[PDB]
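Trainee: Structure incoming, see below.
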Amino acid sequence: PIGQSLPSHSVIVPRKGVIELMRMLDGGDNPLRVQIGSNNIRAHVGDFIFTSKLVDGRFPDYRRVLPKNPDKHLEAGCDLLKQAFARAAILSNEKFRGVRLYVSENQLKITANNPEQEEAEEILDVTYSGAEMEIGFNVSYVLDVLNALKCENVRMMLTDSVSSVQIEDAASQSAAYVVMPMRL
Amino acid sequence: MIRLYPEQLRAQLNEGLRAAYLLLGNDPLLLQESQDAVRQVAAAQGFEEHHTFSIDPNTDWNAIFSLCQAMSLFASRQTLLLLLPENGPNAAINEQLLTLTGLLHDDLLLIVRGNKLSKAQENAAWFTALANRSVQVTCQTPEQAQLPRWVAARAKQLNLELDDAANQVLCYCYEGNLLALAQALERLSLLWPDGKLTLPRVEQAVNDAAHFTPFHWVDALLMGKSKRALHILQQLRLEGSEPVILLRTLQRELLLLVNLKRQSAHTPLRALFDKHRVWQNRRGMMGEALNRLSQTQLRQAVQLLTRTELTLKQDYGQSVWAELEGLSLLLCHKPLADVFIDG
Amino acid sequence: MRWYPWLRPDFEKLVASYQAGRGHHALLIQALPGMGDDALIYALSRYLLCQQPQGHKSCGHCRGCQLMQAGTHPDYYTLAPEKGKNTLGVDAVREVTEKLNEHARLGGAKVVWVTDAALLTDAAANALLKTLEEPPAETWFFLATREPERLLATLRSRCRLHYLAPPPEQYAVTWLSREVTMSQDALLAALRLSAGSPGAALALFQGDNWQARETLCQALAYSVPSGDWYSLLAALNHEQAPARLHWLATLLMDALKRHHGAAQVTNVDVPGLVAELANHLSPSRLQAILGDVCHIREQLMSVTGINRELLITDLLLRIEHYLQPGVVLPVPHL
Amino acid sequence: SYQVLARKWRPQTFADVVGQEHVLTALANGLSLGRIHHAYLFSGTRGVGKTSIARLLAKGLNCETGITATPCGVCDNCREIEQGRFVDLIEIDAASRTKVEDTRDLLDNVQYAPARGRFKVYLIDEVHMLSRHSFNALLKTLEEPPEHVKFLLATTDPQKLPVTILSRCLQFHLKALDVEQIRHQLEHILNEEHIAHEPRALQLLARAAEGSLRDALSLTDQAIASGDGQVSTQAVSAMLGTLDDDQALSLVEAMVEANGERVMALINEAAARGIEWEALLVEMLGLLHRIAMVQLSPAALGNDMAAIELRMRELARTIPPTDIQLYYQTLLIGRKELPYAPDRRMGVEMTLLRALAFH
Amino acid sequence: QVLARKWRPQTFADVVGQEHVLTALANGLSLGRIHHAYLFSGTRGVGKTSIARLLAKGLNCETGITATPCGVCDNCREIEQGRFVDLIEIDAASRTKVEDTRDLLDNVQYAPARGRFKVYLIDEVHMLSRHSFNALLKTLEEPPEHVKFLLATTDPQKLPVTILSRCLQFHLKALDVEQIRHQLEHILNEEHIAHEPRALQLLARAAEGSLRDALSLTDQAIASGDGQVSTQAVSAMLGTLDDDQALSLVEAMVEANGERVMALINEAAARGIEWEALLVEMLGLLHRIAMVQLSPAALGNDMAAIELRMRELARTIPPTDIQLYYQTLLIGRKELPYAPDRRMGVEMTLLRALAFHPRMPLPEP
Amino acid sequence: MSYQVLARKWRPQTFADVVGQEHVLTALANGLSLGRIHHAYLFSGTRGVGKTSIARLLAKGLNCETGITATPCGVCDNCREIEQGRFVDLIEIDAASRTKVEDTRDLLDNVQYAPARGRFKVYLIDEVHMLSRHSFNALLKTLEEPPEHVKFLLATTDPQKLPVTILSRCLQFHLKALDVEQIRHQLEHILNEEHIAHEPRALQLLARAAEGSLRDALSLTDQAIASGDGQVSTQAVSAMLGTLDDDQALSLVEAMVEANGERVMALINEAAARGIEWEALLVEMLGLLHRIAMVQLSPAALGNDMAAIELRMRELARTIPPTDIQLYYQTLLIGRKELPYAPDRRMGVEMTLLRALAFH
């Protein structure tokens, strides 16, 4: 939410940078301050001065990617889920880690099978109204965000049906995250 | 650097610790023989730590200890077989070769088997500081000529009589193939109870671990024996021979025949058969073919030879087997003449 | 090679054009890379990468230029062939290319120039199609060939060709002459023999090639009457056999020219010899023969496992066969 | 750098692309109907319209007006299609890639279904490059791929491309483009361009575009680049090395004159300018063809050697058919064999030599 | 759509020709002369496979072992449905590994779980690595008395001789335009889809004995169109005319025509149709004529009635002429590349034949 | 049901078992029985020599339970063990995964281990030529200074991929091709003893048909048998030989030379009927002509392996003068370039052949 309205600039930082920056935050350092320049930006954190030339070119869209009607609210605990999810993947598809979900309403249900025999099953809870979300996605992606999600009530806004599910912190909206289903 | 002939390897081996006993030569029988003699006497000489480690064309190098006082968990000198690159040690190699020369080569008693080095390698510093301590053992093969001699001494390796009548026939037919000839004498010795060579006996069973050279055919051709040469080839087939070889070798002789035919039709036969080459025995066959083979009729033949060569070699037509039947008679022109459409 | 003066005007247009973005960022310079294209190319990058600054300069100054001079210009690439090959592989390509999707990395435009695009590979080339066609930002691509023939068409669909013939023979000779002593006939004989390309013309006088040219020339004059060609095996038997094979051809051809009445020769480095060919040989067979000289020249290059010699020899005999009657005398076709 | 036209000349509708109606129609037609294959094979010359028919189709599938004969211009999906980014659509150059590796990965992502698209449409071009394995791997999903997924194959050549692949595509063979189809389209194009076109050059280019609209278009960009503005004849005739001269017949004649020198000295200078041999060759050949034709009928020709028609005629009749065939033949073989010569200049000399030796 | 796939065979019914191979299969299925190994080689039109599923389904049912043209029980049905257990289909994709072969070797050990025999089935084997070939020498050499390996190798050439010495070879061969034509009609009658025998012929002709391919072509006709299989769509998207055109011209050349020939020259140039198609077309006919010279035999399937033009031509045209021309033509073909143009080239080669006509060449002065 | 499967035995499973390949078998036992055995050896030779069948016999006499005998020992179960892997002292250690340097290191940590049954460690390493350069440093270690107990028994069918050092290092025995009679006889008695019906001629056919390999002989019997209802029937073997073979050029050569009209076409049609490449068929014809043309410039032309067909080649040759041979040859050669622009090579060929007619 914070920031300024103060101009954004093509500040497309790489992959690496963001890491050190991220590093330059933690509570620690000074607060992170930015001169967002297209040019470069000039970041202030630690005894450093971290500065990129920026790759200048667009950064692909990010509003569309939100599910089509992410709306069923799958208020779960990010953690529990993150656990359950972790377990389920094992005898889920072992390739893409594409767990398939059939979140029983208000509960949850998950049915995973690793093609290669086996199957994993969970029963968890998600305050989820609206009929089974019946969407599977790459659990490999997911957990990542659960965990980058410091928020532990994460409401998912899905459109129940093998379509994108937005997950956001339920608790704020900061972290809003979208992954996409697997196969059709 | 001292060149030694394998049979005299003991001279330098024994007398003193030669650093790099460099068995450059190529007769495998000779190389093998020069290798094991150093080793044997090396292993005996407290260098039992004996390892083989090639020197790739690759920079290679590994055990470059040559003194460091690292051991006393397993102290001793060791010895290091280097199989050389194609032409010998290259850079990196040369380098780390020149290092060893520089040091006690302690624990790295050099045994460099290989081949003849390249010149620049031999002028390359490493091959400069080995000198005077190393031993080059020429492991190069007999001429046709020295071949019987050798062969004859070599008989007594097997102690069996051998027959020099046979020796020759071995020297020709195994002209230049010491190793297999050595094994030749072995298979048959076993095969009989007696295992005594002599020519009659070596006819009855012939070592099927030792080749019947192109010569038989081509020479048969020299003569003009346009059937003889042909038969040897029926055999050269069942035998599976790569045609390349036959071509190669045939090419060798025939181009030699051209050139000698240019100068021969006015220069006594066979002198030139050895003023160049053309074995002794061939020389006759060969002095003939110049007279038989008049350089002109000879031209079209080359044109077919080339033809086949290309058929093979660019085209990988494996019908060169049939192309030759033409050529035999195209070249020979029969034992007489009988030159015909090319193929 | 080196930058020669005759690379400049090409450059200017191109940079002009480039600067005007009329000049397409692509570019193809026919001219031998032997007749200067490389330096010309790189002269361009020199500028182009530093963003094209000044109207047209090779850039002596510029950070781009100098960092490109240091080469450390990341923008900068030299993009030679791959060395695990010797042709400019796909991979080589894949890289530099993809680095340009990260924009400029130290500014100025990039210039990513192939040294001799003549030297590209196919996975490389195929790879390069889309990049040479499609313009990435600040990219000025610069390619070099012996001749345009050094490249594929689909590529050239998009090559903004900036032709560049050899400079004229005269100049190509004067240019050639400066640097190799031996008569302008040898310069020219050679130059001419080079399809008039200098860069190409020059090489001849190096080595014992042009001396062997002569050498060869001599043995042959003996060969020809004598019907011993076989003498020539060596004169032409060489790593430059094809070249020596080439030395020879241009004379055979000169003899057929005499066979069409034609003073004109491409080896003006001796006309006597030329005459005698025609002289001892009917054109039919001269002509037949001329074919084959190259053909061997080809074969020496084409046949796997081919005895250079074997081939050099067969030929002599066979010539020798032709000089001879009855021995049917071709003319080349079917 | 600096922009091209070729692309910029790529369709939005069937018209932008000249020809292949069988395909245009085949396309308009497919599209409109449920005759949407998730396997298409556009096989035509590089941007003849192998790539153009693909574009139309794309917009039409991811026409946000469904599947439509024409791609219903604008649709977001349609207009972004020819712009960067467009999730439904994922396009590919299998050129840079040769690896199978590249081929494997590709099959995996079809799963992820857009969070808003309507056919995850796949466009492979330059597939030929890819290795065998790369090829064979595609058969699997050409047959039954997951839904939305498509396989618009465009190929220059479906030849480095197995039977089974073709067996498993709609192959809309885009046939080639008539010089005129080209000239025209160009003529149309260039003129739209501010810079004065240049007919001569238009033709110079029309024939020169090599049946591919893309190049055609390319040429042009390039002609401007080095003509620094404006298409003019000369810059293009020269640019093209093209001899708008009758030197073809000149030499033919001088061969016939038994004239050695004239024929030869002329080529050599031409070689200092490196002048195109072929151009020169094709022409000679043609004349001969016609002349003989002029023998057949000095009318039933569909000859365009009219300026010299009389010359043709003249030749045609005076020289027996036979010999005409024969001239024609000699040089045809020499042309064949021209390149073979290590100066280029050398190969043509041979051709003519042999002609000149024929007379 | 994939009518190529869809229409594939599955019963003995769906196997055209190779009745000998069916008869044999039926037969060897009756008296136990079944050997472990079978080896189907042949075209991708009949499918190497189809005939295998038929064998398979004939090797095990759930009604014992009897030859069966069609599914029964499950086993057979399955088998053909690509559902049977002992089925174990052997193919390739990006797959070209050893590991694949291994498994097969392993089930040999096993006795059929549902089958009366284990019923493995390869398609074509030639994409796999060197190893897997040899791996089979072993198991093949000595196989269980309850595991059947039904090999298929389009070419038995791929397969080693020791195992091949042992194999019951069956070869599938190519299918006629007529049979194909006969077919496509039938199939297009099942999925009633318009066609015209000429379009069918044009198609049936273009297919390359691969019904599967004949079906690929029919597919892009239907799509080039909107489901039609008219001659234009077909002839255009195919780039091919009809023999008559040529024939009419040929009748023109023989007859030395220069205008007629010029005409049909242009006729061709006008249909946005190919120049050597013609050349080709012409050499074929020459030959046919010439065939018809010797026996009242050998005439086309794109002529059901221009037989007479042929008979005729065979009769009236001295053999000599027929060779000259076929020849003049053939050279056209080869040289056509260096031609300054295919049409000219085409034009010029006919000028040649005629300039050289063994009737008379062009006006010769 | 594969019925009988004889392509597993009747390669040398005993020192005497197979009556072809004696060249090796004889010196093998004189060496072995006697103590004059080497540390290391080499086997080679074409398949069906029982390539391996030899190495295994060597280990048995080392490891027999009748000492070091080359004497058969069947009551010696060592001996039986040895013929299988079962013998501890026989290691059938292969070579197809012993090709990295580490694969071989291990085998040498086991050259510190004595014959636990036999009297030689016999490491039977077969088909060797697959090893990396590094692997080849390390095997030589136990040769150069040799550990006797281990015997390394090497089989290959490519002795070239093993360095001169190693070769010089090893004693090589070379196994040859089996001849018509070798095979025939081996079978004749073996099947005579195996209670198997051998219609003699089937042998000679099969014997003739494949010479070089004993193994082959039995694989072919296996099909012959399946087709012969358990029997090596001449019917079976001719049948089998027909499956795998068709000659359409000899017949064609005859028909085209005779100027038979429709036999040529008939044949061309048959040649299409049971397909044959038209190009290959051209070439198949070409070669026949040459063969006759050579039978006329040398009976030697027909090599000894050609005895089988000499009679007809001879006779074709002699019914035809060679000029006409080179005339048709000329025609064929030309035909051969027609196939490509030939609208069909069958036609191309038929067209070609209809030209041969005119020269009869």
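Simple scheme: letters A, B, ... for chains in structure tokens order, numbers from 1 for residues in each chain, numbers from 1 for ligands in the order shown.
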Show which residues sit within 12 Å of residue 341 in chain F, as a list in words. Count only C-alpha atoms, and ignore same-chain residues fewer than 5 positions away.
Mentor: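 Result of the neighbour search: residues 276, 277, 279, 280, 281, 282, 283, 284, 326, 327, 328, 329, 330, 331, 332, 333, 334, 335 and 336 of chain E; 335, 336, 346, 347, 348 and 349 of chain F.
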Trainee: Mind dumping the selected residues with N, CA and C atoms as a PDB file, in the first residue's frame?
Mentor:
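Just written: out28.pdb:
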ATOM      1  N   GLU E 276       6.844 -29.306 -65.116  1.00  0.00           N
ATOM      2  CA  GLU E 276       7.427 -30.607 -65.233  1.00  0.00           C
ATOM      3  C   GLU E 276       6.427 -31.639 -64.977  1.00  0.00           C
ATOM      4  N   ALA E 277       5.274 -31.284 -64.334  1.00  0.00           N
ATOM      5  CA  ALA E 277       4.174 -32.198 -64.113  1.00  0.00           C
ATOM      6  C   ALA E 277       3.826 -32.779 -65.409  1.00  0.00           C
ATOM      7  N   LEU E 279       5.918 -32.673 -68.060  1.00  0.00           N
ATOM      8  CA  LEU E 279       7.015 -33.450 -68.582  1.00  0.00           C
ATOM      9  C   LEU E 279       6.991 -34.824 -68.200  1.00  0.00           C
ATOM     10  N   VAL E 280       6.694 -34.966 -66.937  1.00  0.00           N
ATOM     11  CA  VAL E 280       6.527 -36.211 -66.337  1.00  0.00           C
ATOM     12  C   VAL E 280       5.423 -36.960 -66.955  1.00  0.00           C
ATOM     13  N   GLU E 281       4.264 -36.276 -66.997  1.00  0.00           N
ATOM     14  CA  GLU E 281       3.065 -36.837 -67.549  1.00  0.00           C
ATOM     15  C   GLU E 281       3.329 -37.392 -68.906  1.00  0.00           C
ATOM     16  N   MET E 282       4.099 -36.660 -69.677  1.00  0.00           N
ATOM     17  CA  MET E 282       4.475 -37.071 -70.981  1.00  0.00           C
ATOM     18  C   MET E 282       5.339 -38.292 -71.142  1.00  0.00           C
ATOM     19  N   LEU E 283       6.375 -38.438 -70.298  1.00  0.00           N
ATOM     20  CA  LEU E 283       7.197 -39.615 -70.371  1.00  0.00           C
ATOM     21  C   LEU E 283       6.490 -40.901 -70.012  1.00  0.00           C
ATOM     22  N   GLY E 284       5.602 -40.804 -69.015  1.00  0.00           N
ATOM     23  CA  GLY E 284       4.727 -41.897 -68.644  1.00  0.00           C
ATOM     24  C   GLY E 284       3.922 -42.465 -69.726  1.00  0.00           C
ATOM     25  N   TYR E 326      10.626 -39.444 -75.420  1.00  0.00           N
ATOM     26  CA  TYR E 326      10.647 -39.737 -74.006  1.00  0.00           C
ATOM     27  C   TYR E 326      11.919 -39.301 -73.551  1.00  0.00           C
ATOM     28  N   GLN E 327      12.818 -39.470 -74.468  1.00  0.00           N
ATOM     29  CA  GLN E 327      14.060 -38.979 -74.243  1.00  0.00           C
ATOM     30  C   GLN E 327      14.321 -37.541 -74.233  1.00  0.00           C
ATOM     31  N   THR E 328      13.776 -36.824 -75.206  1.00  0.00           N
ATOM     32  CA  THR E 328      13.942 -35.421 -75.352  1.00  0.00           C
ATOM     33  C   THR E 328      13.387 -34.830 -74.101  1.00  0.00           C
ATOM     34  N   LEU E 329      12.264 -35.385 -73.705  1.00  0.00           N
ATOM     35  CA  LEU E 329      11.575 -34.985 -72.542  1.00  0.00           C
ATOM     36  C   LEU E 329      12.281 -35.159 -71.309  1.00  0.00           C
ATOM     37  N   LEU E 330      12.791 -36.367 -71.107  1.00  0.00           N
ATOM     38  CA  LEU E 330      13.458 -36.688 -69.906  1.00  0.00           C
ATOM     39  C   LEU E 330      14.587 -35.719 -69.717  1.00  0.00           C
ATOM     40  N   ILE E 331      15.297 -35.360 -70.785  1.00  0.00           N
ATOM     41  CA  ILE E 331      16.392 -34.428 -70.686  1.00  0.00           C
ATOM     42  C   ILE E 331      15.957 -33.105 -70.284  1.00  0.00           C
ATOM     43  N   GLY E 332      14.763 -32.713 -70.748  1.00  0.00           N
ATOM     44  CA  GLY E 332      14.122 -31.504 -70.332  1.00  0.00           C
ATOM     45  C   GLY E 332      14.121 -31.522 -68.877  1.00  0.00           C
ATOM     46  N   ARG E 333      13.578 -32.603 -68.309  1.00  0.00           N
ATOM     47  CA  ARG E 333      13.482 -32.705 -66.917  1.00  0.00           C
ATOM     48  C   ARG E 333      14.647 -32.487 -66.045  1.00  0.00           C
ATOM     49  N   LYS E 334      15.750 -32.979 -66.522  1.00  0.00           N
ATOM     50  CA  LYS E 334      16.936 -32.851 -65.809  1.00  0.00           C
ATOM     51  C   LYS E 334      17.576 -31.550 -65.896  1.00  0.00           C
ATOM     52  N   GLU E 335      17.362 -30.918 -67.037  1.00  0.00           N
ATOM     53  CA  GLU E 335      18.103 -29.776 -67.393  1.00  0.00           C
ATOM     54  C   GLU E 335      17.322 -28.623 -67.098  1.00  0.00           C
ATOM     55  N   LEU E 336      16.062 -28.890 -66.811  1.00  0.00           N
ATOM     56  CA  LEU E 336      15.115 -27.910 -66.568  1.00  0.00           C
ATOM     57  C   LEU E 336      15.557 -27.019 -65.524  1.00  0.00           C
TER      58      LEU E 336
ATOM     59  N   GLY F 335      20.052 -46.651 -68.877  1.00  0.00           N
ATOM     60  CA  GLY F 335      18.794 -46.888 -68.160  1.00  0.00           C
ATOM     61  C   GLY F 335      18.763 -46.470 -66.737  1.00  0.00           C
ATOM     62  N   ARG F 336      19.873 -46.795 -66.063  1.00  0.00           N
ATOM     63  CA  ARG F 336      20.195 -46.483 -64.713  1.00  0.00           C
ATOM     64  C   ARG F 336      20.103 -44.995 -64.384  1.00  0.00           C
ATOM     65  N   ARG F 346      10.478 -48.503 -62.333  1.00  0.00           N
ATOM     66  CA  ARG F 346      10.038 -49.715 -62.954  1.00  0.00           C
ATOM     67  C   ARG F 346       9.822 -49.455 -64.379  1.00  0.00           C
ATOM     68  N   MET F 347       9.147 -48.340 -64.699  1.00  0.00           N
ATOM     69  CA  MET F 347       8.974 -47.980 -66.074  1.00  0.00           C
ATOM     70  C   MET F 347      10.243 -47.654 -66.723  1.00  0.00           C
ATOM     71  N   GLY F 348      11.126 -47.015 -65.979  1.00  0.00           N
ATOM     72  CA  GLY F 348      12.353 -46.453 -66.379  1.00  0.00           C
ATOM     73  C   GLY F 348      13.081 -47.606 -66.867  1.00  0.00           C
ATOM     74  N   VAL F 349      13.100 -48.657 -66.017  1.00  0.00           N
ATOM     75  CA  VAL F 349      13.671 -49.939 -66.246  1.00  0.00           C
ATOM     76  C   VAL F 349      13.017 -50.694 -67.341  1.00  0.00           C
TER      77      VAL F 349
END
Trainee: Need to verify the contact set: residue 266 in chain E, 9 Å, only C-alpha atoms, exclusion of same-chain residues closer than 6 positions in sequence. Can you return it as JSON, numbers by chain?
Mentor: {"D": [301, 302], "E": [343]}
Trainee: Selection from above, N, CA and C atoms, as a compact mmCIF listing (two decimals), in the first residue's frame, can you write it?
Mentor:
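New file result-v8.txt:
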# COMPACT_ATOMS: atom_id res chain seq x y z
N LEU D 301 4.37 -18.65 -79.93
CA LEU D 301 5.08 -18.33 -78.77
C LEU D 301 4.18 -17.56 -77.89
N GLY D 302 4.57 -17.49 -76.65
CA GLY D 302 3.98 -16.61 -75.72
C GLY D 302 5.25 -15.90 -75.41
N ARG E 343 9.11 -22.87 -68.00
CA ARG E 343 8.23 -22.79 -69.08
C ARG E 343 8.95 -22.73 -70.36
Trainee: Could you list, as a short mmCIF file (atom, residue, chain, number, x, y, z; two decimals) with N, CA and C atoms, in the first residue's frame, every residue within 12 Å of range 61-67 of chain A, counting only C-alpha atoms and ignoring same-chain residues fewer than 2 positions away?
Mentor:
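In the end it all went to out.cif:
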data_model
loop_
_atom_site.label_atom_id
_atom_site.label_comp_id
_atom_site.auth_asym_id
_atom_site.auth_seq_id
_atom_site.Cartn_x
_atom_site.Cartn_y
_atom_site.Cartn_z
N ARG A 58 9.35 -3.29 -21.26
CA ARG A 58 8.19 -3.52 -20.39
C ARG A 58 8.39 -4.68 -19.48
N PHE A 59 7.38 -4.92 -18.61
CA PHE A 59 7.38 -6.01 -17.72
C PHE A 59 6.02 -6.49 -18.06
N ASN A 69 -12.52 -14.14 -12.21
CA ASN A 69 -13.38 -14.21 -11.06
C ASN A 69 -12.76 -15.09 -10.06
N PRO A 70 -11.82 -14.53 -9.41
CA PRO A 70 -11.23 -15.15 -8.30
C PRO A 70 -12.18 -14.68 -7.27
N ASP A 71 -12.83 -15.57 -6.56
CA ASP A 71 -13.92 -15.05 -5.84
C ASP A 71 -14.39 -15.96 -4.86
N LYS A 72 -14.04 -17.22 -4.95
CA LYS A 72 -14.46 -18.11 -3.98
C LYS A 72 -13.35 -17.96 -3.10
N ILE A 135 -9.53 -27.62 -9.25
CA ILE A 135 -8.54 -26.99 -10.04
C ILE A 135 -7.35 -27.60 -9.47
N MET A 156 -8.25 -17.41 -0.83
CA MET A 156 -7.97 -17.59 -2.19
C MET A 156 -9.13 -17.11 -2.76
N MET A 157 -8.93 -16.48 -3.87
CA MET A 157 -9.94 -16.04 -4.68
C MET A 157 -9.74 -16.82 -5.87
N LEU A 158 -10.59 -17.83 -6.02
CA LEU A 158 -10.48 -18.67 -7.15
C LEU A 158 -11.72 -18.54 -7.79
N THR A 159 -11.68 -19.05 -8.99
CA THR A 159 -12.76 -19.30 -9.80
C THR A 159 -12.48 -20.70 -9.88
N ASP A 160 -13.43 -21.44 -9.30
CA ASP A 160 -13.49 -22.83 -9.03
C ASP A 160 -13.85 -23.33 -10.30
N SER A 161 -12.95 -24.12 -10.84
CA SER A 161 -12.94 -24.60 -12.16
C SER A 161 -11.55 -24.34 -12.48
N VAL A 162 -10.90 -25.32 -13.17
CA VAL A 162 -9.53 -25.40 -13.63
C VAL A 162 -9.08 -24.12 -14.27
N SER A 163 -8.90 -23.12 -13.44
CA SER A 163 -8.64 -21.82 -13.87
C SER A 163 -7.99 -21.33 -12.69
N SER A 164 -7.35 -20.21 -12.95
CA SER A 164 -6.48 -19.52 -12.13
C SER A 164 -7.14 -19.24 -10.86
N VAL A 165 -6.26 -19.21 -9.87
CA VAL A 165 -6.70 -18.97 -8.57
C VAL A 165 -5.74 -17.99 -8.09
N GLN A 166 -6.33 -16.94 -7.58
CA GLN A 166 -5.67 -15.90 -6.97
C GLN A 166 -5.70 -16.15 -5.59
N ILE A 167 -4.60 -15.83 -4.99
CA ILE A 167 -4.48 -16.11 -3.68
C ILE A 167 -3.95 -14.93 -3.21
N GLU A 168 -4.46 -14.54 -2.13
CA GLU A 168 -4.03 -13.38 -1.65
C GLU A 168 -4.02 -13.70 -0.29
N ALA A 176 -0.75 -11.10 -3.22
CA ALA A 176 -1.73 -11.57 -4.08
C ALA A 176 -0.93 -12.27 -5.08
N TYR A 177 -1.39 -13.40 -5.51
CA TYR A 177 -0.49 -14.27 -6.16
C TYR A 177 -1.30 -15.03 -7.06
N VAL A 178 -0.85 -15.28 -8.27
CA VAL A 178 -1.65 -16.12 -9.09
C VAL A 178 -0.82 -17.14 -9.76
N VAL A 179 -1.35 -18.36 -9.78
CA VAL A 179 -0.80 -19.46 -10.48
C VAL A 179 -1.98 -19.88 -11.25
N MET A 180 -1.71 -20.80 -12.16
CA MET A 180 -2.59 -21.23 -13.14
C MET A 180 -2.75 -22.65 -13.00
N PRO A 181 -3.86 -23.19 -13.48
CA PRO A 181 -4.10 -24.58 -13.39
C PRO A 181 -3.10 -25.32 -14.23
N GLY D 84 3.58 -7.88 -29.60
CA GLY D 84 4.20 -8.67 -28.60
C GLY D 84 3.16 -9.07 -27.66
N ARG D 85 3.48 -10.13 -26.89
CA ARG D 85 2.70 -10.64 -25.83
C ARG D 85 1.31 -11.03 -26.33
N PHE D 86 0.82 -12.17 -25.88
CA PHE D 86 -0.44 -12.65 -26.32
C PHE D 86 -0.34 -14.04 -25.88
N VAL D 87 -0.93 -14.27 -24.71
CA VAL D 87 -0.79 -15.48 -23.97
C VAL D 87 -1.27 -16.69 -24.68
N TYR D 112 -1.11 -25.25 -19.01
CA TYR D 112 -1.47 -24.04 -18.36
C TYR D 112 -2.37 -23.38 -19.33
N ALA D 113 -3.58 -23.09 -18.84
CA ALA D 113 -4.64 -22.64 -19.68
C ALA D 113 -4.72 -21.24 -19.34
N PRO D 114 -4.83 -20.36 -20.30
CA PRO D 114 -4.83 -18.94 -20.03
C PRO D 114 -5.86 -18.59 -18.94
N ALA D 115 -5.68 -17.45 -18.24
CA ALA D 115 -6.51 -17.04 -17.13
C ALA D 115 -7.55 -16.20 -17.80
N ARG D 116 -7.51 -16.13 -19.19
CA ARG D 116 -8.38 -15.38 -20.08
C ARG D 116 -8.34 -15.64 -21.64
N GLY D 117 -7.62 -16.61 -22.25
CA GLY D 117 -7.55 -16.86 -23.71
C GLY D 117 -8.53 -17.89 -24.23
#
Trainee: Based on only C-alpha atoms, which of the residues in chain C come within 10 Å of chain A? I want them as a ChimeraX atom specification.
Mentor: /C:101-107,137
Trainee: Which distance in Å separates CA of residue 38 in chain A and CA of residue 8 in chain A, to one decimal?
Mentor: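 For CA of residue 38 in chain A relative to CA of residue 8 in chain A, the distance reads 8.3 Å.
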Trainee: May I have the residues within 9 Å of range 301-310 of chain E as a PyMOL selection string, using only C-alpha atoms and disregarding those fewer than 5 positions away in the same chain?
Mentor: chain E and resi 176-178+198+201-202+205+242-244+247+251+285+288-290+292+315
Trainee: Mind the document's chain letters and residue numbers, and return as a ChimeraX atom specification the residues of range 136-329 of chain F that DSSP labels strand (DSSP E).
Mentor: /F:150-155,171-172
Trainee: Print the selection's residues with C-alpha atoms to a file, as a tab-separated table (two decimals), in the first residue's frame.
Mentor:
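Wrote it out as result_32.tsv, contents follow:
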chain	number	residue	atom	x	y	z
F	150	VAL	CA	43.79	-64.73	-12.55
F	151	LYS	CA	43.59	-65.52	-15.97
F	152	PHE	CA	42.02	-63.07	-18.02
F	153	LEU	CA	40.26	-64.71	-20.97
F	154	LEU	CA	39.46	-62.13	-23.68
F	155	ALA	CA	36.84	-62.58	-26.44
F	171	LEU	CA	48.24	-64.76	-27.05
F	172	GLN	CA	45.72	-64.67	-29.74
